[PDB]
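Encoded as structure tokens, the structure appears first; notes follow it.
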Amino acid sequence: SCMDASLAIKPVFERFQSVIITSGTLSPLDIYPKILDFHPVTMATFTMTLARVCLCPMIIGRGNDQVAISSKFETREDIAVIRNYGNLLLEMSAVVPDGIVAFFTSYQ
Amino acid sequence: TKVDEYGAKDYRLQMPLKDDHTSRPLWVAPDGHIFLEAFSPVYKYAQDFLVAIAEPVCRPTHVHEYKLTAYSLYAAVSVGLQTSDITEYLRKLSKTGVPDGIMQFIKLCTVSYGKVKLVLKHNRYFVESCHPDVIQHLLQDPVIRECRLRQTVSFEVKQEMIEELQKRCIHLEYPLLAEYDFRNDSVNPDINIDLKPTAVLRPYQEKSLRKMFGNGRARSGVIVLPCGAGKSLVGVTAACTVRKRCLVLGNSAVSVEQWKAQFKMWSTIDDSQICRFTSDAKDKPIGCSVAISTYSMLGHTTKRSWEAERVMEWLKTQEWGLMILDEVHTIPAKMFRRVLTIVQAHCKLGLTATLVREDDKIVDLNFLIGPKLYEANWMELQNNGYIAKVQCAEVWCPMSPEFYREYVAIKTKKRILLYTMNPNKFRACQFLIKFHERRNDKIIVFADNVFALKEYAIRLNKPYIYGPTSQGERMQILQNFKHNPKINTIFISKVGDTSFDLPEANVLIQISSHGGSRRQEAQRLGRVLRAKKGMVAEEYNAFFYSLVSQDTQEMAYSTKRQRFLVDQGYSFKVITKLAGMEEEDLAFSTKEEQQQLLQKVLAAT
Amino acid sequence: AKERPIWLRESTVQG
DNA sequence: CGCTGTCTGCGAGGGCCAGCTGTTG
Ligand SMILES: Nc1ncnc2c1ncn2[C@@H]1O[C@H](COP(=O)(O)OP(=O)(O)O)[C@@H](O)[C@H]1O
Ligand code: BEF
Ligand SMILES: [Mg+2]
């Protein structure tokens with residue numbers, strides 16, 4: 001396994017005058033020049049502007065028991081944390097219309 | 001001190017009225033009495049501040065009342081408040097302002113905390129303080145010098161005279177801060193006690209511990225919560241935080257067993273560590289990280305048996321980081337208070353529900369254990385569903401004419417048996433048990449008079465518990481009553497008024513009592529105050545009945561013993577008559593039966 | 001659904 | 001003939017009520 005991606009992508013930057021790494025859901029741009037050895041011209045972040053606020057994000061760190069719900073490696077074994085996720089999904093499934101997806105951390 | 005024409009303490013020349021009084025919900029009279037409004041938008045914030053500085057006197061559902069006492073204030077500074085913070089917030093809450101007398105009074109009882117500290121180390125008690133001047137002032141006091149063992153300055157003081165030292169320290173306006181720095185105490189080994197994740201403490205439980213552990217050090221004091229609120233869990237949690245050897249002092253053999261079970265249920269401590277020290281048996285108290293006992297066993301004054309003496313020798317020669325004292329209100333007794341000095345403990349945590357006594361010794365808990373750290377509001381918890389809703393009642397049972405003929409004439413203390421053994425009262429108890437059993441309710445019946453307890457137990461053919469019954473036998477009845485559907489009603493005596501955990505006991509009845517013991521009444525109602533499984537907040541899940549004999553001295557005691565409960569908002573509806581009694585085949589339906597009963601009562605003497 | 005008895009539900013005072 | 005469990009007295013104590021002095025207007 002390699003350790004830095006700049007090595008294999010180096011020819012792209014030199015051969016081609018300019019490369020635009022367009023992406024969505026991008027974690028902050030300043031890291032990429034550190035990960036990939038290049039000097040970006042601009043670091044622009046765009047937020048969609050719509051008449052209606054389509055996306056409604058939220059974070060649920062506390063359940064009905066007001067207990068920490070972090071899926072920490074040491075706290076993963078907690079029954080309450082496991083119960084809280086089932087409670088959230090069960091309750092949410094009641095209100096959420098057809099179509100829903102849940103993402104875990106690992107298969108195990 | 002001006003008195004109106006209607007014997008009213010006129011306080012209009014004393015304090016003014018604030019312009020924005022509608023938002024401000026607090027009154028503050030120069031007497032110290034504080035009348036808070038429960039319907040104000042800012043009630044929640046005011047109550048927590050007020051309950052800390054002032055111990056509640058009465059808390060009906062609408063307008064609460066508190067009183068300011070030196071001991072009440074001394075608790076405020078210990079938790080973390082300061083004179084500037086209390087008075088400023090009090091003035092902010094006051095809709096009439098704080099009179100100059102109270103304003104100076106609050107200041108007076110706040111410049112006394114922190115001057116002197118009491119530290120126990122290496123089985124030695126020392127009077128620690130960072131100011132030599134206050135120590136020198138104490139030395140001038142005669143008794144303080146008398147109890148002495150025969151920058152920061154500390155002089156050792158003999159263990160046997162800790163009580164006298166503490167009592168005089170308050171009298172000298174220099175309370176001893178018996179505060180334990182458990183987190184910075186590696187001398188005592190840390191125990192493997194840990195709070196299992198399955199155990200979650202309710203907001204009032206956590207709030208009480210927050211006052212106890214406001215700073216890194218652990219505070220020693222009396223924590224008051226309603227019966228059935230879960231004081232066992234709070235006591236267990238205190239041990240978990242300390243992580244040191246813990247001594248738990250129950251009230252009887254039933255108390256320790258429930259303490260043992262609660263530790264196992266609410267803590268990861270292994271069964272081997274948990275031990276008991278009771279006349280029934282002992283789980284090797286010599287080797288144990290958590291010791292459970294009773295005031296009677298430790299407080300026993302006569303020479304102890306060899307089996308108990310060996311354990312007692314170990315207990316005295318030990319260092320305890322946390323000594324949980326269940327049923328604190330019994331501590332100020334003449335001998336039970338000695339148990340504090342006999343055992344060496346750094347932080348003394350006190351758990352109780354009825355911080356009331358018919359004597360004036362209840363105030364001694366301020367220095368015997370510490371300030372009242374917390375006091376939950378019964379109605380607040382009742383509405384939250386943490387404790388079952390109880391519809392208290394007082395069934396008025398008319399006195400039998402044959403009995404009353406004797407009761408009025410007889411005055412040689414034989415009245416108690418006469419109106420305790422009232423046939424009319426018996427029928428009401430007999431009918432009530434029958435009706436409530438048909439409703440799948442778990443009945444509990446109490447009776448101070450064992451004679452009455454036995455008379456009713458056999459006549460109704462229901463199990464009864466009292467002194468002579470062996471620990472195993474009484475323990476068996478509770479387990480049957482807890483689980484066995486056949487045993488739906490049990491009879492108990494003064495033994496089981498406290499520490500008996502019967503979560504499913506919906507109904508309670510009382511046919512006798514020991515005078516006007518508010519502690520007995522509030523404790524007795526506690527058994528059925530535990531939260532029920534299918535409990536609903538506003539459905540009156542549980543019920544309490546205090547059978548009384550009309551036109552009898554029991555009426556005076558019935559009103560006397562209801563003082564504490566009504567102070568917490570409980571309303572004792574009066575039941576002059578019970579419907580459906582006539583159509584019921586109840587006992588003592590003939591004068592011959594009643595005539596026979598009266599003769600037996602007279603014979604008992 | 002296990003309603004309260006008459007005496008507890010409503011006042012028993014003659015007045 | 002020994003050992004363990006049951007039951008019954010000795011001694012003490014808690015909680016509360018009521019009483020004959022001690023004290024104050
Ligand atoms: N946080 C809790 N979660 C679940 N049950 C609880 C909790 N706290 C207390 N309980 C239950 O309430 C009862 C408390 O009994 P106990 O500790 O003897 O009360 P107290 O000492 O206040 O009289 C028990 O049935 C106990 O299991
Ligand atoms: F207040 Be509980 F019954 F110990
Ligand atoms: Mg308890």
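By order of appearance in the structure tokens: chains A, B, ..., then residues from 1 within every chain, and ligands from 1 in the order shown.
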
Item to check | Close residues to ligand 1 using only C-alpha atoms (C1' of nucleotides) and all ligand atoms, limit 6 Å, as a ChimeraX atom specification | outcome: /B:200-202,227-233,499,501,503,530

Checklist entry - Which neighbours of stretch 14-16 of chain D fall inside 10 Å, counting only C-alpha atoms (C1' of nucleotides), when residues of the same chain fewer than 2 positions from it are skipped, and could you give them as a PyMOL selection string? => result (chain B and resi 330+333-336+357-359+514-517+520) or (chain D and resi 18)

Could you write out the selected residues, including N, CA, C and O atoms (P, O5', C5', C4', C3', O3' and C1' of nucleotides), as an mmCIF file, in the first residue's frame?
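Output contents, as saved in part.cif:
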```cif
data_model
loop_
_atom_site.group_PDB
_atom_site.id
_atom_site.type_symbol
_atom_site.label_atom_id
_atom_site.label_comp_id
_atom_site.auth_asym_id
_atom_site.auth_seq_id
_atom_site.Cartn_x
_atom_site.Cartn_y
_atom_site.Cartn_z
ATOM 1 N N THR B 330 -33.683 8.767 62.382
ATOM 2 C CA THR B 330 -33.464 8.009 63.606
ATOM 3 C C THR B 330 -32.080 8.234 64.197
ATOM 4 O O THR B 330 -31.828 7.805 65.328
ATOM 5 N N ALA B 333 -31.378 9.938 67.769
ATOM 6 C CA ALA B 333 -31.676 9.178 68.970
ATOM 7 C C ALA B 333 -30.454 9.155 69.884
ATOM 8 O O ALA B 333 -29.321 9.385 69.454
ATOM 9 N N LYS B 334 -30.694 8.874 71.164
ATOM 10 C CA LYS B 334 -29.615 8.961 72.143
ATOM 11 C C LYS B 334 -28.455 8.044 71.777
ATOM 12 O O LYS B 334 -27.293 8.463 71.800
ATOM 13 N N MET B 335 -28.749 6.794 71.424
ATOM 14 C CA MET B 335 -27.708 5.809 71.157
ATOM 15 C C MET B 335 -27.352 5.689 69.685
ATOM 16 O O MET B 335 -26.183 5.465 69.361
ATOM 17 N N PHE B 336 -28.324 5.832 68.783
ATOM 18 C CA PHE B 336 -28.034 5.669 67.363
ATOM 19 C C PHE B 336 -27.069 6.739 66.871
ATOM 20 O O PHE B 336 -26.366 6.535 65.875
ATOM 21 N N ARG B 357 -39.475 14.992 63.130
ATOM 22 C CA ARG B 357 -39.540 14.267 64.388
ATOM 23 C C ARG B 357 -40.396 15.058 65.363
ATOM 24 O O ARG B 357 -40.452 16.289 65.311
ATOM 25 N N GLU B 358 -41.055 14.335 66.265
ATOM 26 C CA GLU B 358 -41.902 14.974 67.263
ATOM 27 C C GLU B 358 -41.105 15.676 68.352
ATOM 28 O O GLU B 358 -41.695 16.425 69.139
ATOM 29 N N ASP B 359 -39.800 15.458 68.419
ATOM 30 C CA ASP B 359 -38.918 16.211 69.295
ATOM 31 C C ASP B 359 -38.189 17.269 68.472
ATOM 32 O O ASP B 359 -38.420 17.423 67.269
ATOM 33 N N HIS B 514 -49.018 5.131 66.381
ATOM 34 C CA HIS B 514 -48.356 5.524 67.622
ATOM 35 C C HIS B 514 -48.456 7.038 67.744
ATOM 36 O O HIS B 514 -47.547 7.773 67.360
ATOM 37 N N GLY B 515 -49.580 7.507 68.274
ATOM 38 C CA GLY B 515 -49.738 8.927 68.503
ATOM 39 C C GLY B 515 -49.643 9.725 67.217
ATOM 40 O O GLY B 515 -49.850 9.216 66.111
ATOM 41 N N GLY B 516 -49.316 11.004 67.369
ATOM 42 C CA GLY B 516 -49.204 11.895 66.232
ATOM 43 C C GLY B 516 -47.814 11.895 65.639
ATOM 44 O O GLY B 516 -47.129 12.920 65.638
ATOM 45 N N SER B 517 -47.385 10.744 65.134
ATOM 46 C CA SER B 517 -46.046 10.609 64.572
ATOM 47 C C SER B 517 -46.088 10.913 63.081
ATOM 48 O O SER B 517 -46.296 10.010 62.264
ATOM 49 N N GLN B 520 -44.149 8.565 61.213
ATOM 50 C CA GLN B 520 -44.783 7.271 60.994
ATOM 51 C C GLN B 520 -45.770 7.331 59.836
ATOM 52 O O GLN B 520 -45.779 6.445 58.973
ATOM 53 P P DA D 18 -51.364 12.794 75.676
ATOM 54 O "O5'" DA D 18 -50.875 12.722 77.196
ATOM 55 C "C5'" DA D 18 -50.988 11.502 77.914
ATOM 56 C "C4'" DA D 18 -50.334 11.608 79.278
ATOM 57 C "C3'" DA D 18 -50.731 12.844 80.084
ATOM 58 O "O3'" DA D 18 -50.984 12.495 81.440
ATOM 59 C "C1'" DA D 18 -48.377 12.788 79.816
#
```

I want to know what sits within 12 Å of stretch 135-138 of chain B, based on only C-alpha atoms (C1' of nucleotides), with residues of the same chain fewer than 5 positions away left out; could you give that as a CSV table (one decimal) with N, CA, C and O atoms, in the first residue's frame?
```
chain,number,residue,atom,x,y,z
B,114,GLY,N,-16.2,27.7,55.8
B,114,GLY,CA,-14.8,27.6,55.4
B,114,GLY,C,-13.8,28.1,56.4
B,114,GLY,O,-12.6,27.9,56.2
B,115,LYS,N,-14.2,28.7,57.5
B,115,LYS,CA,-13.3,29.1,58.5
B,115,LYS,C,-12.6,28.0,59.2
B,115,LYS,O,-11.3,28.0,59.4
B,116,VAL,N,-13.3,26.9,59.5
B,116,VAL,CA,-12.7,25.7,60.1
B,116,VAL,C,-13.1,24.5,59.3
B,116,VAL,O,-14.2,24.4,58.8
B,117,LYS,N,-12.2,23.5,59.2
B,117,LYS,CA,-12.5,22.3,58.5
B,117,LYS,C,-12.1,21.1,59.4
B,117,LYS,O,-11.1,21.2,60.2
B,118,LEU,N,-12.8,20.0,59.2
B,118,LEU,CA,-12.5,18.7,60.0
B,118,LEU,C,-12.0,17.7,59.0
B,118,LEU,O,-12.7,17.4,58.0
B,126,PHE,N,-8.6,15.6,63.0
B,126,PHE,CA,-7.9,16.9,63.1
B,126,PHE,C,-8.8,18.0,62.7
B,126,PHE,O,-9.6,17.9,61.8
B,127,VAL,N,-8.6,19.2,63.4
B,127,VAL,CA,-9.3,20.4,63.1
B,127,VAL,C,-8.5,21.3,62.3
B,127,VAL,O,-7.5,21.9,62.7
B,128,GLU,N,-8.8,21.3,61.0
B,128,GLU,CA,-7.9,22.0,60.0
B,128,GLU,C,-8.6,23.3,59.6
B,128,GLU,O,-9.8,23.5,59.5
B,129,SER,N,-7.7,24.3,59.4
B,129,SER,CA,-8.1,25.6,59.0
B,129,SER,C,-6.9,26.4,58.5
B,129,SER,O,-5.8,26.2,58.9
B,130,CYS,N,-7.2,27.2,57.5
B,130,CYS,CA,-6.1,28.1,56.9
B,130,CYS,C,-5.9,29.4,57.6
B,130,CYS,O,-5.0,30.1,57.3
B,143,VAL,N,-15.1,24.0,76.5
B,143,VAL,CA,-15.4,22.7,76.1
B,143,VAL,C,-14.5,22.3,74.8
B,143,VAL,O,-14.1,21.1,74.7
B,144,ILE,N,-14.3,23.2,73.9
B,144,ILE,CA,-13.4,23.0,72.8
B,144,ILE,C,-12.1,22.5,73.3
B,144,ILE,O,-11.5,21.6,72.7
B,145,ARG,N,-11.5,23.3,74.2
B,145,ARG,CA,-10.2,22.9,74.8
B,145,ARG,C,-10.4,21.6,75.6
B,145,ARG,O,-9.4,20.8,75.6
B,146,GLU,N,-11.5,21.3,76.2
B,146,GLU,CA,-11.7,20.1,77.0
B,146,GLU,C,-11.6,18.8,76.2
B,146,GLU,O,-11.0,17.9,76.6
B,147,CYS,N,-12.2,18.9,75.0
B,147,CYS,CA,-12.2,17.7,74.1
B,147,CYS,C,-10.9,17.5,73.3
B,147,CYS,O,-10.8,16.5,72.6
B,148,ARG,N,-10.0,18.4,73.4
B,148,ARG,CA,-8.7,18.3,72.7
B,148,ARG,C,-8.0,17.0,73.2
B,148,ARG,O,-8.1,16.6,74.3
B,151,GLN,N,-0.9,30.2,56.6
B,151,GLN,CA,-0.5,28.9,56.9
B,151,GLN,C,-1.7,28.1,57.5
B,151,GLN,O,-2.8,28.7,57.7
B,152,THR,N,-1.6,26.8,57.6
B,152,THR,CA,-2.6,25.9,58.1
B,152,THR,C,-2.2,25.3,59.4
B,152,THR,O,-1.1,24.8,59.6
B,153,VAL,N,-3.1,25.4,60.4
B,153,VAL,CA,-2.8,24.9,61.8
B,153,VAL,C,-3.9,23.9,62.1
B,153,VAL,O,-5.1,24.1,61.9
B,154,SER,N,-3.4,22.7,62.6
B,154,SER,CA,-4.4,21.6,62.9
B,154,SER,C,-3.9,21.0,64.3
B,154,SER,O,-2.8,20.7,64.5
B,155,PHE,N,-4.9,20.8,65.1
B,155,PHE,CA,-4.7,20.1,66.4
B,155,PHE,C,-5.6,18.9,66.5
B,155,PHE,O,-6.8,19.0,66.2
B,165,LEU,N,-17.5,18.5,70.0
B,165,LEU,CA,-16.8,19.5,69.2
B,165,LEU,C,-17.7,20.1,68.1
B,165,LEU,O,-17.7,21.3,68.0
B,166,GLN,N,-18.3,19.2,67.3
B,166,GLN,CA,-19.2,19.7,66.2
B,166,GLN,C,-20.3,20.6,66.7
B,166,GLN,O,-20.6,21.6,66.1
B,168,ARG,N,-20.5,22.4,69.5
B,168,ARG,CA,-20.0,23.7,69.9
B,168,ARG,C,-19.5,24.5,68.7
B,168,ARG,O,-19.6,25.7,68.7
B,169,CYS,N,-18.9,23.8,67.7
B,169,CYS,CA,-18.5,24.6,66.5
B,169,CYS,C,-19.6,25.4,65.9
B,169,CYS,O,-19.4,26.5,65.5
B,170,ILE,N,-20.8,24.8,65.7
B,170,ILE,CA,-21.9,25.5,65.2
B,170,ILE,C,-22.3,26.6,66.2
B,170,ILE,O,-22.5,27.8,65.8
B,171,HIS,N,-22.3,26.3,67.5
B,171,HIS,CA,-22.7,27.3,68.5
B,171,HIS,C,-21.7,28.5,68.5
B,171,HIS,O,-22.0,29.6,68.9
B,172,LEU,N,-20.4,28.2,68.1
B,172,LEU,CA,-19.4,29.3,67.9
B,172,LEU,C,-19.5,29.9,66.6
B,172,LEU,O,-18.6,30.7,66.2
B,173,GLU,N,-20.5,29.6,65.7
B,173,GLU,CA,-20.6,30.2,64.4
B,173,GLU,C,-19.5,29.8,63.5
B,173,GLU,O,-19.1,30.6,62.6
B,174,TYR,N,-18.9,28.7,63.7
B,174,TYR,CA,-17.8,28.2,62.9
B,174,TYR,C,-18.0,26.7,62.6
B,174,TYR,O,-17.4,25.8,63.1
B,175,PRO,N,-19.0,26.5,61.7
B,175,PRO,CA,-19.2,25.1,61.3
B,175,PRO,C,-18.0,24.4,60.7
B,175,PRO,O,-17.2,24.9,60.0
B,176,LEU,N,-17.9,23.1,61.1
B,176,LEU,CA,-16.8,22.3,60.6
B,176,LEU,C,-17.2,21.7,59.3
B,176,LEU,O,-18.2,21.0,59.1
```

Checklist entry - Residues at most 10 Å from ligand 2, using only C-alpha atoms (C1' of nucleotides) and all ligand atoms? Could they come as a ChimeraX atom specification? => result /B:224-232,250-251,255,258-259,326-327,351-354,496-502,522-530

Checklist entry - Got a sec to pull out which chain B residues are within 7 Å of chain C, counting only C-alpha atoms, and send them as a VMD selection string? => result chain B and resid 439 575 to 579

Suppose we keep N, CA, C and O atoms; can you now write the selection as a short mmCIF file (atom, residue, chain, number, x, y, z; two decimals), in the first residue's frame?
```
data_model
loop_
_atom_site.label_atom_id
_atom_site.label_comp_id
_atom_site.auth_asym_id
_atom_site.auth_seq_id
_atom_site.Cartn_x
_atom_site.Cartn_y
_atom_site.Cartn_z
N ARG B 439 -60.40 -5.94 42.90
CA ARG B 439 -59.88 -5.04 41.87
C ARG B 439 -58.42 -5.32 41.53
O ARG B 439 -57.77 -4.48 40.90
N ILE B 575 -63.98 10.36 54.61
CA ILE B 575 -65.00 9.39 54.20
C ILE B 575 -65.85 9.10 55.43
O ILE B 575 -65.49 8.27 56.28
N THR B 576 -66.99 9.79 55.55
CA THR B 576 -67.88 9.56 56.68
C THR B 576 -68.46 8.15 56.65
O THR B 576 -68.56 7.50 57.69
N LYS B 577 -68.84 7.67 55.47
CA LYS B 577 -69.43 6.35 55.34
C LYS B 577 -68.95 5.71 54.05
O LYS B 577 -68.58 6.39 53.09
N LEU B 578 -68.97 4.38 54.04
CA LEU B 578 -68.57 3.59 52.88
C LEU B 578 -69.80 2.92 52.28
O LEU B 578 -70.51 2.19 52.98
N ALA B 579 -70.03 3.15 50.99
CA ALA B 579 -71.17 2.55 50.31
C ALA B 579 -70.91 1.07 50.07
O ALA B 579 -69.77 0.63 49.90
#
```

Checklist entry - Please, which residues of stretch 270-425 of chain B, numbered as in this document, come out alpha helix (DSSP H) from DSSP, as a PyMOL selection string? => result chain B and resi 295-299+306-316+338-342+365-368+378-384+401-409+415-420+423-425

Next on the checklist: Nearest residue to ligand 3 out of B:348, B:361, B:260, B:337, using only C-alpha atoms and all ligand atoms?
Outcome noted: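 So, comparing all the options, the nearest one is B:260.
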
Checklist entry - So which residues touch stretch 59-75 of chain A within 10 Å, counting only C-alpha atoms (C1' of nucleotides), skipping near sequence neighbours fewer than 5 positions away, as a PyMOL selection string? => result (chain A and resi 80-85+87-88+104-105) or (chain B and resi 197+200-203)

What would the file look like if the residues just selected were written as a CSV table (one decimal), in the first residue's frame with N, CA and C atoms?
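Saved as part_10.csv:
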```csv
chain,number,residue,atom,x,y,z
A,80,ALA,N,-27.9,0.4,25.8
A,80,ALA,CA,-28.7,1.6,25.6
A,80,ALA,C,-28.4,2.3,24.3
A,81,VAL,N,-27.2,2.5,24.0
A,81,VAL,CA,-26.8,3.1,22.7
A,81,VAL,C,-27.4,2.3,21.5
A,82,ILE,N,-27.3,1.0,21.6
A,82,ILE,CA,-27.9,0.1,20.5
A,82,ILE,C,-29.4,0.3,20.6
A,83,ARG,N,-30.0,0.3,21.8
A,83,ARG,CA,-31.4,0.5,21.9
A,83,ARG,C,-31.8,1.9,21.3
A,84,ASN,N,-31.1,2.9,21.6
A,84,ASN,CA,-31.4,4.3,21.1
A,84,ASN,C,-31.5,4.3,19.6
A,85,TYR,N,-30.6,3.7,18.9
A,85,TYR,CA,-30.6,3.7,17.5
A,85,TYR,C,-31.9,3.0,16.9
A,87,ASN,N,-34.7,2.7,18.6
A,87,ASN,CA,-35.8,3.6,19.0
A,87,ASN,C,-35.9,4.8,17.9
A,88,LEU,N,-34.7,5.4,17.6
A,88,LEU,CA,-34.8,6.5,16.6
A,88,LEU,C,-35.3,6.0,15.3
A,104,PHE,N,-24.5,2.3,8.8
A,104,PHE,CA,-23.7,1.9,10.0
A,104,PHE,C,-22.3,2.2,9.8
A,105,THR,N,-21.4,1.8,10.8
A,105,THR,CA,-20.0,2.0,10.7
A,105,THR,C,-19.3,0.8,10.1
B,197,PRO,N,-24.1,0.5,33.0
B,197,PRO,CA,-24.8,1.4,32.0
B,197,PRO,C,-26.3,1.2,32.1
B,200,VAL,N,-29.6,4.3,35.0
B,200,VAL,CA,-29.7,5.7,34.6
B,200,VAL,C,-30.4,6.4,35.8
B,201,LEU,N,-29.8,7.4,36.3
B,201,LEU,CA,-30.4,8.1,37.4
B,201,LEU,C,-31.3,9.2,36.9
B,202,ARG,N,-32.4,9.3,37.6
B,202,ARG,CA,-33.5,10.3,37.2
B,202,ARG,C,-33.0,11.7,37.5
B,203,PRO,N,-33.6,12.7,36.9
B,203,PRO,CA,-33.1,14.1,37.0
B,203,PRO,C,-32.9,14.5,38.4
```

Next on the checklist: Which residues are close to residue D:7, i.e. within 12 Å by only C-alpha atoms (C1' of nucleotides), leaving aside same-chain residues fewer than 2 positions away? Reply as number ranges by chain.
Outcome noted: B: 468-470; D: 5, 9

Generate a file of the selected residues that holds C-alpha atoms (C1' of nucleotides), formatted as a PDB file, in the first residue's frame.
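Output contents, as saved in part.pdb:
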```pdb
ATOM      1  CA  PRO B 468     -41.210 -11.938  66.976  1.00  0.00           C
ATOM      2  CA  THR B 469     -41.476 -13.121  63.364  1.00  0.00           C
ATOM      3  CA  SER B 470     -38.097 -14.412  62.224  1.00  0.00           C
TER       4      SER B 470
ATOM      5  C1'  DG D   5     -32.188 -25.218  64.696  1.00  0.00           C
ATOM      6  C1'  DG D   9     -36.770 -15.205  78.588  1.00  0.00           C
TER       7       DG D   9
END
```

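Counting from atom CA of residue B:218, the distance to atom CA of residue B:241 is 8.7 Å.
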
Surrounding residues of residue B:554 excluding itself and chain neighbours under 4 positions, 9 Å, only C-alpha atoms (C1' of nucleotides), as a compact mmCIF listing (two decimals) with N, CA and C atoms, in the first residue's frame:
```txt
# COMPACT_ATOMS: atom_id res chain seq x y z
N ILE B 416 -56.44 3.13 74.22
CA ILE B 416 -55.82 2.82 72.94
C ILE B 416 -56.32 1.49 72.41
N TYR B 419 -60.37 1.86 71.30
CA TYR B 419 -60.70 2.44 70.01
C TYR B 419 -59.81 1.92 68.88
N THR B 420 -58.75 1.17 69.21
CA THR B 420 -58.05 0.42 68.17
C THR B 420 -58.85 -0.81 67.77
N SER B 512 -54.26 1.50 63.13
CA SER B 512 -53.71 1.99 64.38
C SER B 512 -52.44 2.79 64.10
N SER B 513 -52.01 3.56 65.09
CA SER B 513 -50.80 4.34 64.96
C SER B 513 -50.27 4.70 66.34
N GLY B 515 -49.58 7.51 68.27
CA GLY B 515 -49.74 8.93 68.50
C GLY B 515 -49.64 9.72 67.22
N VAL B 548 -60.19 5.66 61.28
CA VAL B 548 -60.22 6.36 62.56
C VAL B 548 -61.60 6.18 63.19
N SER B 549 -61.64 6.36 64.51
CA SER B 549 -62.87 6.20 65.27
C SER B 549 -63.44 7.57 65.62
N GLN B 550 -64.65 7.84 65.14
CA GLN B 550 -65.25 9.15 65.32
C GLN B 550 -65.45 9.47 66.79
N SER B 558 -55.14 11.73 64.35
CA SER B 558 -55.28 11.63 62.90
C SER B 558 -54.98 12.97 62.23
N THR B 559 -55.49 14.06 62.79
CA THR B 559 -55.15 15.38 62.26
C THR B 559 -53.68 15.70 62.50
```

Next on the checklist: Counting only C-alpha atoms and all ligand atoms, which residue out of B:328, B:393, B:238, B:17 sits closest to ligand 3?
Outcome noted: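 Nearest to ligand 3: B:328.
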
Next on the checklist: Among stretch 273-424 of chain B, which ones does DSSP assign to strand (DSSP E) (computed from the backbone)? Answer as a PyMOL selection string.
Outcome noted: chain B and resi 274-277+290-294+320-326+345-352+372-375+390-397
